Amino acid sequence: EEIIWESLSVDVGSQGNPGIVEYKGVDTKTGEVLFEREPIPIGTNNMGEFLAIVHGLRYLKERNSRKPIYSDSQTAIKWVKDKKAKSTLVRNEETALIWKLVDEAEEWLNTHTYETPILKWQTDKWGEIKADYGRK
């Protein structure tokens, strides 16, 4: 329908999938970058999209903000709703860091509360989410 401009938008960026994963959150209205995660050497697109939403939840909660979060990831929105990131990525020494962060994000969700609406960014209608990395 209408974009809710008073919101936080998040997105993953990667070099390969699986590959190097990062994410960022921006003010939907202004494009101001509000947070950026240091690149993680191996992860998946969906793991990064999940981490980005959870980081957004933590960021808004710390600031007493009731703004919604936009994500373009059907998968990550569902994983956050379920409090469970159902990634297929093998757990081995190479993937230990991303899996540690995902495990810690799930743990945060299981021990905290939030009312933040997590909304699907409608890329087909509105173009690329404002947190997009411009790499595609």
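Sequential numbering from 1, following the sequence displayed.
Of the two segments, 92-100 and 56-64, the one listed with the higher mean B-factor is 92-100 (C-alpha atoms only). In this entry, 27-35 shows the higher mean Cα temperature factor of the pair 27-35 and 77-85. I129: CA B factor in the middle third of modelled residues in this chain (values from the PDB entry). Residue-level temperature factors show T123 in the highest third of its chain, judged at the C-alpha atom. Remark: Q15 belongs to the highest third of its chain, ranked by C-alpha B-factor as recorded.
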